[PDB]
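What follows is one structure encoded as structure tokens, with my remarks underneath.
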Amino acid sequence: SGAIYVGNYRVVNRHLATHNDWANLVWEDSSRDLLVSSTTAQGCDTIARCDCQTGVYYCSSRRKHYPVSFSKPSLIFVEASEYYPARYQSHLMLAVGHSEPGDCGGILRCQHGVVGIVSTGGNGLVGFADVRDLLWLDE
Ligand SMILES: NC(=O)[C@H]1CCCN(C(=O)[C@@H](Sc2ccccc2)c2ccccc2)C1
Ligand SMILES: [Zn+2]
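Numbered by the deposited numbering, the letters in the sequence shown go through residues 7 to 145 in order.
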């Protein structure tokens, strides 16, 4: 679990969005596993606007942060799960690192701010949904 809180927006994994997220929907994209909802309170986070390919992520299943080298956002095949059919997930960045069910929503940060959130895992890999291209989150 986990979310990004920026301005009057909450960014969560689309497959973990709540009834309240859907009632206050701003934007969602099944191919990216992202959903953004509106909030009444001002958020605690800053979004990176950069091309970093190194950063640190929080892994809830280890209660630890880990440094990672990750690929640029791209279209990657993801196996069918209870949440989605087998499909290509877009804007996804992969890295070598631990990730298991429950780690979705952990934040990946670089020196410039929030880069994205955990969205996929298994086999000693961790995949992050990028948010750096969503410039409207800043306004
Ligand atoms: N479509 C998606 O964005 C995800 C929805 C939930 C299921 N997805 C996963 O990747 C799963 S279990 C997995 C393990 C090995 C190979 C494939 C999947 C998982 C594991 C670790 C962290 C987060 C999620 C895909
Ligand atoms: Zn950066």
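Ideal Cβ placement from N, Cα and C applies to all residues, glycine included.
Let's test the definition: count the other Cβ atoms within 10 Å of the Cβ of residue i and tell me whether it reaches 16, buried, or not, exposed.
| i | result |
| --- | --- |
| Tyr94 | exposed |
| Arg38 | buried |
| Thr24 | exposed |
| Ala101 | buried |
| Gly112 | buried |
Could you give the distance in angstroms between the alpha-carbon of residue i and the alpha-carbon of residue j?
| i | j | result |
| --- | --- | --- |
| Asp136 | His97 | 6 Å |
| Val74 | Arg138 | 17 Å |
| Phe83 | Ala47 | 36 Å |
| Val12 | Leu140 | 12 Å |
| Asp27 | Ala9 | 11 Å |
| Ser105 | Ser36 | 21 Å |
| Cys110 | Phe134 | 9 Å |
| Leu81 | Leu131 | 16 Å |
| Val124 | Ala92 | 18 Å |
| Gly103 | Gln59 | 14 Å |
| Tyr89 | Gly108 | 14 Å |
| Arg115 | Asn129 | 22 Å |
| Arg68 | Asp144 | 31 Å |
| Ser7 | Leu22 | 8 Å |
| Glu85 | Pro79 | 18 Å |
Since residue i sits in a beta bridge, which residues does DSSP pair it with?
| i | result |
| --- | --- |
| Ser43 | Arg16, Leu31 |
| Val132 | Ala101, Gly127 |
| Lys78 | DSSP, once it has assigned bridges, lists no residue as partnering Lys78. |
| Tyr64 | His71 |
| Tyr11 | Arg16 |
| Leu114 | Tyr63, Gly122 |
| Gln95 | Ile82 |
Is the region 119 to 129 in contact with the region 48 to 63, if contact means three or more CB pairs nearer than 8 Å? With three or more CB-CB distances shorter than 8 Å, the region 119 to 129 counts as touching the region 48 to 63.
Pair every Cβ in the region 24 to 44 with every Cβ in the region 63 to 73, then say whether three or more of these pairs are closer than 8 Å. They do not touch, by the three-pair rule.
With a threshold of 8 Å, are at least 3 pairs of Cβ atoms found where one atom belongs to the region 15 to 23 and the other to the region 39 to 47? At 8 Å Cβ cutoff, the stretches touch.
Which residues count as close to ligand 2 when the rule is a CB under 5 Å from any of its heavy atoms, in chain order? Chain-ordered list of matching residues: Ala54, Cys56, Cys58, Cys116, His118.
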